[PDB]
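Structure first, then comments.
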Amino acid sequence: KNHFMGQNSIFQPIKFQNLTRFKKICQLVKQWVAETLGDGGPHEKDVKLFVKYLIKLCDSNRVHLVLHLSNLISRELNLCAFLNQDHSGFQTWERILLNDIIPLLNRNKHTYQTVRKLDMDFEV
Amino acid sequence: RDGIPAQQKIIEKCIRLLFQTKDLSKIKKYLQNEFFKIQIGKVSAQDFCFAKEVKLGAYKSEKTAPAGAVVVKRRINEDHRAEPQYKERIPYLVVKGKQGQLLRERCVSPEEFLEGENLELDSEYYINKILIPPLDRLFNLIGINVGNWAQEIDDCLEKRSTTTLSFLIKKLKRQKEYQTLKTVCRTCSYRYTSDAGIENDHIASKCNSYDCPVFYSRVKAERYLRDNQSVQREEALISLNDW
Amino acid sequence: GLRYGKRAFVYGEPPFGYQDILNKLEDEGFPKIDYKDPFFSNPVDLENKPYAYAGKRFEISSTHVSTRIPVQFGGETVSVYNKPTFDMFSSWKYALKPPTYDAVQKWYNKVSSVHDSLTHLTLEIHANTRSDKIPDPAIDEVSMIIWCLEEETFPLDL
Amino acid sequence: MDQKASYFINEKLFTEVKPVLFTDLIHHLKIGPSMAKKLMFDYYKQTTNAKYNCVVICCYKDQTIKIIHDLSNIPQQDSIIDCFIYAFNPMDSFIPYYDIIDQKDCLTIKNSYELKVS
Amino acid sequence: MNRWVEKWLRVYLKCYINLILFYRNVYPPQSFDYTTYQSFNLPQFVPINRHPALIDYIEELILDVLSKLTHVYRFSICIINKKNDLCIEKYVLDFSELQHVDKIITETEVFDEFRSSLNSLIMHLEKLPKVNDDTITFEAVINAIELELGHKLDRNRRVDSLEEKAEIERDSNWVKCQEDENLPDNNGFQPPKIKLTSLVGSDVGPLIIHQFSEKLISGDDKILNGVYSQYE
Amino acid sequence: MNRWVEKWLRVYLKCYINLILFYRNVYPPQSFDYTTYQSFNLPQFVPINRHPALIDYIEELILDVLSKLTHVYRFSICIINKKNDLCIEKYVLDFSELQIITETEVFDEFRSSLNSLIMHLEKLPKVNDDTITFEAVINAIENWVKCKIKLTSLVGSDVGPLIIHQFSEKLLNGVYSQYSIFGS
Amino acid sequence: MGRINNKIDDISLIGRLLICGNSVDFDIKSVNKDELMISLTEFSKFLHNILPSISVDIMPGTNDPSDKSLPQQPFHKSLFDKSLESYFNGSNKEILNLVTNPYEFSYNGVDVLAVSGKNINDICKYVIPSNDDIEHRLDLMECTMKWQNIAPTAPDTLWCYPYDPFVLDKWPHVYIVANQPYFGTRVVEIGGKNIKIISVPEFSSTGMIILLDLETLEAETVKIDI
Amino acid sequence: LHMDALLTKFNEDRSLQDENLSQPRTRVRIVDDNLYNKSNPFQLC
DNA sequence: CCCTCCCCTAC
Ligand code: SF4
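Protein chains in written order, with the entry's author numbering: chain A, 862 to 985; chain B, 1221 to 1373, 1415 to 1504; chain C, 513 to 623, 661 to 707; chain D, 1 to 118; chain E, 1 to 103, 107 to 235; chain F, 1 to 99, 107 to 149, 176 to 180, 196 to 219, 227 to 234, 239 to 243; chain G, 241 to 371, 390 to 421, 425 to 487; chain H, -1 to 43.
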């Protein structure tokens, strides 16, 4: 409702798979991580796209959203245990969610003005 | 003692506010609220009674007689035994009248004012004459005048629930207030009756003490309950809940 | 006592003391205590009109920050003339202090065998009147008399 | 039931922070109260991450419906005639919220009188 | 459409602030009362303090924040130690990506989303350690994009209406600050590390709000001393 | 650059000294004018002494300090106990500025520093009457006569060449008495 | 509804539920329509959720939005959620019924006199140095039955009555007085006629329900904790 | 006695019968004979 | 605009 806005809102949300709402993309990610466990593992292209989206989110000072997605994926994996644990899809999903996600949390420590003081200790 | 209790209270409150807080905003807000209450009619009607002692045989002429002398003379005309004693204060109120009518022409007694069906207190006369001059005299020494402050002062039918709730709340508030007043009067009349059942509420209702604010409150509550607006609200409620 | 520093200079003593300041201010022509004149809490009621009566001018102001003059240095008020120039991504704090814990807790917690007197007797009557006419001695008779003697000052104990 | 009630409970407990009652399962899966209690008990097991506070009630011989709070000393143990998990709570404070339920076919005891419209 | 959006935002902010004050022992728990009506229909039985001055302060702060919400993309409540000026806990309400449309999401759905968000906040707050009495205070910090405050009194304008007076009060009631101004200065001897926790946020049609919390959860002595009721 | 810095530093130092003088009891209340002045568009009341001689002395001290700012490294207002000659309290203004920057940034920095000072002074315990004295002390880098702790850092100016740092120190026999300075 | 007890054989025996008053608690002196509307919508939600399984009869109370005199008129058709329009159509009064505060219920041939308890709560507000316990309240109800009137304290209980329904013309089988501090029951025999008197406690405090068996006129109690 | 023992003693051996919900039982019919009889003594205009 | 009559108070 002014000139400084980048969109209909104050800031421009990052669009992933033609989705804008964060709840919708969160539920899409949850459905994808539930369905890909029984497929033997998510496709490499999908994982690369998710990593690119997370990198875009981190570079835009939205590390809280990245932490929320990480917690959602970890909770889904934990709730899927004892039924589909060690079923050749759980292990690959856990390895991806560790290696390609956890180190990514400690990058792009900017808040639109220089860098944040002190160090980050994420809940994960 | 040639004024009214309401003006005494208002001046005392304004002077205390000025002496303690020295803030004229609080005085302005209080005065505006009081003027609005007087205009709307949310007043005791016991604090708007004059009481000046009269000497019936010590007046130059009937034209020079005081306003209370007119009321006393009217009561004497209706009954010769209602002759006041020497230097006895005769209470009276002023009521709304035609433009240009003399002040002594209205001169409503409290007995006549309360029994009068369509008698209304002269809000404009009171607010101007009895309130503005003393407040101006006390406040012109500061540099301000209270006259400016005084002069500055379908869809519902569709929403049946809100309308019926508001009507019910108003009616229940009035009923509860009337019940509390009746209980107070019954407890007071227990002094004479020494009874707690019926034939004590009758005696309590027979009281007409004009020195008690509870009597004025009870009369006002009865008038409100029997008013035409209450009948209008009840008819609207019946129409709304006729579905 | 805190050390002044490795290389510290000391300024001259102030002209006044705690007790001499008010006396010297009174000597200079100002009152010792400048009591607050009548004012307005909010500037809406100021009306921006001169306040006068009988040829005497009255200066009435408000304590609101809108009508408070800026602090002047050297007798000349210092103010900003150019329009403000901002920068992107500025952070701000609300300044105004909330009520304290102690204040809220305090608010919650509170919420001779010799006769030397005159004997006295009092009488009241009840008369049955006709309709509403007030009792009349010529037409209405007395139906009841009530008398009460003052027992405090009544001797003879009959 | 299996693999469905568990998913519904997980979603309603973690995706949105809301207490989950067995009547919610009754309305969702259109199943009897006893089956709902059985599914609540089944979900109560095989859960390594105890991120919820189960709320249980005890039904006595005198029909004394009692919310169990102490969880250590339950008076009149021999008088308990039924015990089940009433709800799953993700927080210490229960304070549930109730709304309009379209109980089209979830009734177990229907009333004699039928509703007439116009 | 902002006639209803502003009311819902006011309700959400009031509930948020009151919950933070209640669960962090900023004010004694006895003053707070569990209620559903606080001049508006609240989403749940939120505890709202009964102190008149505190109620007026919170209402004025919420109205001031809403009056400039167009330029405000982030509103935060800072928990500050009274013994030494230092932010020990920080709760953030992210208003970025919030639709600002003046042109039908109803109230039940918005209140359902608000209930979920406030339930997440309460669940996070309950697990936190308790706070001693008369040792903590709260602060309000907003992150704006393009505005300047404290410069509208340079024109010597005389106010003639209550709206103009409120505007001139709100324009000068804020002081410019710096990011992480209240945080410890990274002494280097076991430096404190800020801890970030993500919470759920409402995603109603017009209202897209994200929320997360921050906590020191560390120290180098003389920090968080005599405020967390020892071990428990 | 320097013009606005000096123009607003004069007023900032005047408000500094007057606030310190009023909030402590070096001079009694009712000798200040806290009703008809505003410092930096701040919502708080700022007191200014009603005695022209003390005001002139403070202004001359400020001008003298600003004249030798390039050589002065520190400036502090020292609170000294009578009958002891011990510095009970100190309010130091560390200077690290280098002699570009707009007037708005300087105004905002000084306004924030003054707000922090007012907030800090409001929380301090009340001191008794006729037991306090103040002295202006300056430090040279590398009317002037050669001469336990509780640090409390306060926000200064950091908007560029202005790197002024503000802090106070603390720590007496019966000087402090707990008891609202504007209530009389 | 049989969800908690799960003994569908015994729960199905409860044909009807009777709400005897005091459904909402508020102060008329300081109350707006918003809070009252919120509480009324909560009550309407309960009624909507429970009406499909059982029939409910509503009775006005002292602090309910109704007149302060004892002969309180039924609840208005409004002040209820829009979801109850079908129940308020007029033809279906066997599921939801709104009645006056004193009302005689002929439940399957058994006459039941019910009052929300303003009469007993009104006699008990006096100090009578010639005679608060559950037995005292039961004796007071027995006296009300014996005296053949329901409101002995007319100035305190009832307002101006046009053209007296409170003088009994027929003795009921069951006498119900609700909103009392305690629960108690007693069978009385006045002139060879047996009358069962029941004192219904409040649900906000001591959240107890009374089950009245119509076949044997025996009352059993059900308690809910938290 | 631990609550887990009570839960596994009661909920484990559930009946799971007479709750088909396809044909729920009808509630006992209780009729108010004064519903349409009118002539309410306590009804005021 | 000014005068007279009446009410009430302060010293
Ligand atoms: S009016 Fe005043 S005096 Fe007359 S009865 Fe009621 S209370 Fe007693």
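We put the CB at the ideal spot given by N, CA and C, even for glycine.
Could you compute how far the alpha carbon of residue 930(A) sits from the alpha carbon of residue 960(A)? 15 Å
Taking 7 Å as the cut-off, is the beta-carbon of residue 1265(B) closer than that to any non-hydrogen atom of the ligand SF4? no
Kindly say whether residue 65(E), judged by its beta-carbon, lies nearer than 8 Å to any beta-carbon of chain D. no
What residue range is occupied by the uninterrupted alpha helix (DSSP H) comprising residue 926(A)? 924 to 940
Delimiting residues of the alpha helix (DSSP H) encompassing residue 1490(B): 1489 to 1501
Would you check whether the ligand SF4 has a heavy atom nearer than 7 Å to the C-beta of residue 1482(B)? no
Do residue 516(C) and residue 177(F) have their beta-carbon atoms positioned less than 8 Å apart in this structure? no
Which whole-angstrom value is the C-beta distance of residue 148(F) and residue 73(F), which I expect to be below 8 Å? 4 Å
Is the Cβ-Cβ distance between residue 570(C) and residue 1367(B) less than 8 Å? no
Please say whether residue 17(F) and residue 48(F) have beta carbons closer to each other than 8 Å? no
Check whether the segment 1354 to 1363 of chain B and the segment 1463 to 1476 of chain B touch, using three or more Cβ-Cβ pairs below 8 Å as the test. no
Considering only heavy atoms of the ligand SAH, does any lie closer than 7 Å to the CB of residue 284(G)? Within the structure as shown, the ligand SAH is missing, the only ligands being the ligand SF4.
Candidates 80(F), 76(F), 114(F), 198(F): closest to residue 521(C) by CA position: 76(F)
Looking only at C-alpha atoms, which of 885(A), 896(A), 870(A) sits nearest to residue 945(A)? 896(A)
Range covered by the beta strand (DSSP E) that runs through residue 1308(B): 1308 to 1312
Using 7 Å as the cut-off, classify the Cβ of residue 1278(B) as near or not near the heavy atoms of the ligand SF4, replying yes or no. no
Quick one: what does DSSP say residue 213(F) is sitting in, helix, strand or coil? strand
Using 8 Å as the cut-off, can you tell me whether the segment 165 to 185 of chain E makes contact with the segment 109 to 128 of chain F, which would need three or more C-beta pairs spanning the two stretches below that distance? yes
Three or more C-beta pairs below 8 Å linking the segment 569 to 585 of chain C and the segment 162 to 177 of chain E: yes
Measure the Cβ-Cβ separation of residue 59(D) and residue 82(D) and say whether it is below 8 Å. yes
Could you list the residues in the segment 563 to 580 of chain C with a C-beta less than 8 Å from some C-beta on chain F, going in chain order? 573, 575, 577, 580
Contacts of residue 1245(B) in chain C (Cβ-Cβ under 9 Å): 551, 552, 553, 554, 556, 557, 574
Is residue 1449(B) near the ligand SF4, in the sense that its beta carbon is under 7 Å from a heavy atom of that ligand? yes
Nearest CA to the CA of residue 320(G): which residue from 418(G), 477(G), 279(G)? 279(G)
Cα-Cα, which of 673(C), 665(C), 557(C) is closest to residue 1365(B)? 557(C)
Does residue 295(G) come out as helix, strand or coil in the three-state DSSP assignment? strand
Determine, for residue 1457(B), whether the minimum Cβ-Cβ distance to residues of chain G falls below 8 Å. yes
State buried or exposed for residue 43(D), treating a residue as buried only when at least 16 other CB atoms are found within 10 Å of its CB. buried
Any Cβ of chain E within less than 8 Å of the Cβ of residue 35(F)? no
Between residue 51(F) and residue 536(C), which are expected to be in contact by the criterion C-beta below 8 Å, what is the C-beta distance as a whole number of angstroms? 7 Å
Taking 7 Å as the cut-off, is the beta-carbon of residue 1455(B) closer than that to any non-hydrogen atom of the ligand SF4? no
If we ignore side chains and look at the alpha-carbon of each, how far apart do residue 197(E) and residue 5(E) end up? 34 Å
With three or more beta-carbon pairs closer than 8 Å as the criterion, would you say the segment 61 to 78 of chain D touches the segment 105 to 117 of chain D? no
For the segment 267 to 282 of chain G, which residues have a CB atom closer than 7 Å to at least one CB atom of chain E, in sequence order? 274, 275, 278
The beta strand (DSSP E) that contains residue 561(C), what's its start and end? No beta strand (DSSP E) contains residue 561(C), which DSSP labels as neither H nor E.
Determine the closest residue to residue 186(E) out of 208(F), 203(F), 241(F), 234(F), with distance taken between C-alpha atoms. 203(F)
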